[PDB]
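First structure 1, then structure 2: two forms of the same chain, each alone, as structure tokens.
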Structure 1
């Protein structure tokens, strides 16, 4: 039995380059994965201008990538998304699609996919006179393409209603999915993403409900680590929340990685472990992933003596950089954990800070003669919070000195922002702790840099509704 496991390059943003993709292939082979799907959202010749043909230089790029994929025995799937403006009743459109796919095949590509995600539900007047339904036209054109291509072993189709939230009135009773299942040829595999676009968890019953319609096992398009619906968020947590009992009931798992190329080591490693387990413990998987990931940070750059000055007792020490530790990586993971939850350490820090803020007025000003136990407890908790903030700042400082700065420079902004905000919060906590003998306003320097926050974004965020 064959099974699909791999990655889908289908995020919005600056697309990855050839070197990154080759390194990705090497990692995929190391981790015993087998599938790469190429459907970048911002490739003009993929979605927006699919009708155009590739040039000689683009042809060389594609041929090099496909040959590299063949070297590492990783299946390469090329996708097309003509749903933006294709007319189904015009033979010229079908011929153009056939010619495009033939140009792709000429390079040596083997597997092809057609996507109709994120388009409208309407058709032109011409198609109304031919097809009874939108699904009818989609299925007819997909079947024609599949027959033309020679019935390859692998072929992927994404229904417009790729999630339950987009099915009306429900998954079981949707006429679109019923028509698809009735009229789609048996040789095509169907993509699905779960109850929601970003599914927090996937119960088996929903997958069975989908199977009862599509008459085949689906292929999971998991956006558990996608970050193109709010690009301020980075996700480094392990693959979590999907039950392994789905493995016999699925044709394959394909993961959407983070837009930043070097931030997807942990997610892909955890996915590989998750699949390999049952041909599972999210905490153990994360621990193993970080243990393996630490090896690629190497050592911090150090002065190389490979006649050198050596200081004495009265001379300033030479600058030295500490190595990056496992604890730093764990803390970094907890700071950027999951789309629907934080890590244990980040959540605990947030709760502790909220508690400290809540009871600041208990002992802040002129608290002599009050309960000493409250004063000591508040001071101790504040000190522990200070230690946590110092740990975060030290993590950033140590990561800054890594010799292999490629890892950091692809995620520099997020870590720098989180360490800056931790520093600001530490200053705020100190000012709260000094109220009884200092009446000065909370200030960093002589002013309030936090008032500006993130400019317009932050000022608009400040006005959004909250639970409290």
Structure 2
């Protein structure tokens, strides 16, 4: 039993039920088998957890679970009470029991309770009754696990769910020691990696946290998570994770972008990565570039379902789009090539000599060709017939077009200003000082590398 699926786990704009039914269709085509419902800004889930659903909310949740059971996807209703809860008071425990009982009647078999992004200080009665935070949380998890008759897949996310959040280490922390000692063995734990956003989840960190919890954890994976930076978007493949982590784990649950239609690659490459191996003890039987190419090919076929009726987008346009928006700690090959060409062009911009003028103007012409490629990419993407995918990522491609036009203008200005032929950079483009709207001003007034 392996829990390979998608956790909705971001902040702000939760998905709609039609999007989740399309997600359940998408997982069943890709042989994935789980879905963890935990949207942080759904107000019946986090900010108010004592409040019960209405009749229409129960109906849409009931048909959501029915669509999941139709599509062989294990719906896991999670619930995060940790912002305001008295664990010592049994009234909050019984209210949580009532809420989990009402969601039991909607057809849910798998459940979870989540304790994330909360301060480590407790109440006065919680400090009076119980010794530490982890003892109270593991007593709540054991009480809910006994109250629901020990479900087959129950998930528990700790407050120190990554390597930076736990102190002093992953092994000397008293929190993970209490969690590993006092927990029932059928309850799977959640984990993220060395950070909240992990560049890599190495094998040895998984093995030492499997020592400290005495179980194989399920990695909540915020690789393509979009909630911390809403100016960014990630369309890279499922990289940074070795294929030998599958026998050392109980599940991989990816937390994708806040926009649903930008998540074809981020779930399909996870499906290809899970299809690499399933058992047995720079990567063997998995290439992230080949999984990225397969994801973009199937996504181009998704684009071609309405095609052009009611130029079209090509595969090279999608590859440029994925290379422009790749990873929280990486860019694409084309994006890094454009970065190093612009850094070269602004290096010797002030003094350019002969053969030096020849190579400068040739690489400036190559940069203008790449700028025309991104203009053609945006124009062919805006002429597509799948309108929902266009509306989900219109701000990002609009922002990269509106930046790259002025970058193309400044490279044309530098081509003018290599020789003494008057002009000004102000006369080429107006030097605006209001990008971001008092956020980019503070961002540019803050130091970078």
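Positions refer to the first chain, counted from 1. The term rigid core refers to the maximal set of C-alpha atoms that superpose within 1.5 Å between the two forms.
- Once the core is superposed between structures 1 and 2, every option in 435, 41, 70, 30 stays below 2 Å in C-alpha shift except 435.
- In this overlay on the rigid core, residue 294 has a C-alpha that sits less than 2 Å away from its partner position between structures 1 and 2.
- The Cα shift for residue 451 between structures 1 and 2, taken after rigid core superposition, is 2 angstroms or larger.
- Overlaying the rigid core between structures 1 and 2 leaves the Cα of residue 129 displaced by 2.6 angstrom.
- Superposed on the rigid core, the forms differ at residue 167: its CA is offset by 0.9 Å between structures 1 and 2.
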